[PDB]
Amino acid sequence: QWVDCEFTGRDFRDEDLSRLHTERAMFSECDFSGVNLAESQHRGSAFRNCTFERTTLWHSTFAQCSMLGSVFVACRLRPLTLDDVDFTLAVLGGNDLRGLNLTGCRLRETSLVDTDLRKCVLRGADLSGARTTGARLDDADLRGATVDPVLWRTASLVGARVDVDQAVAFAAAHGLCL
């Protein structure tokens, strides 16, 4: 258990940190490449501008945690239990996030380039400023999520679930004039 402490510029590479429990641990610029972090549990922690390359995070829990600015490259992120996790400014490009429940999660200015979010639950999520080029949102649930008009012409949306507002914004994003 790492409780009420910080870690800055620490190199945790290729370590086995499975089942780690943290509470109010603030990590800044820590390197978690090749780290095995399966079955870990986090509550109130922050992983700020950290590097997650090929990090294994599946079967984990993050509650009220921040991931602001962190970069995730080819990470195993499913399944995963998230409750109010801030992904603002984070880089999730190219990862497979299919099926993850991301209700009300902040993804402001998050990079979602070529990220697979198929069937993801994004109700009430905030995607203001996210980069969605090549993003796959098929069969995902977006109702009440705040999204920019650019998303409507960048992500694939077959079967995506939306509210009236989004449908209207989709329509205007494809050249119709309201």
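In this text, residue numbers run from 1 along the sequence as written.
Engineer: Of 13-21 and 151-159, which one has the bigger average CA B-factor?
Structural biologist: Taking the mean B-factor of the alpha carbons in each, 13-21 is higher.
Engineer: Can you pull the Cα B-factors for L77, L92, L102, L89 from the entry and say which is highest?
Structural biologist: Top of the list by C-alpha B-factor: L77.
Engineer: From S60, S33, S128, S70, pick the one with the largest CA B-factor in the entry?
Structural biologist: Going by the entry's C-alpha B-factors, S33 comes out highest.
Engineer: C-alpha B factor of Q64, ranked within the chain: lowest, middle or highest third?
Structural biologist: Highest third - that is where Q64 ends up once the chain's C-alpha B-factors are sorted.
Engineer: Would you please rank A46 by its C-alpha temperature factor against the other modelled residues of its chain and give the third it falls in: lowest, middle or highest?
Structural biologist: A46: CA B-factor falls in the lowest third of its chain.
Engineer: State the tercile, meaning the lowest, middle or highest third, of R118 with respect to the CA B-factors recorded for its chain.
Structural biologist: According to the entry, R118 has a C-alpha B-factor in the chain's lowest third.
Engineer: Per the entry's values, where does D141 land by CA temperature factor relative to the rest of its chain, in the lowest, middle or highest third?
Structural biologist: For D141, the deposited C-alpha B-factor lands in the middle third.
Engineer: Among the modelled residues of this chain, does the Cα B factor of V164 put it in the lowest, middle or highest third?
Structural biologist: Its C-alpha B-factor, which the entry lists for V164, ranks in the highest third among residues of this chain.
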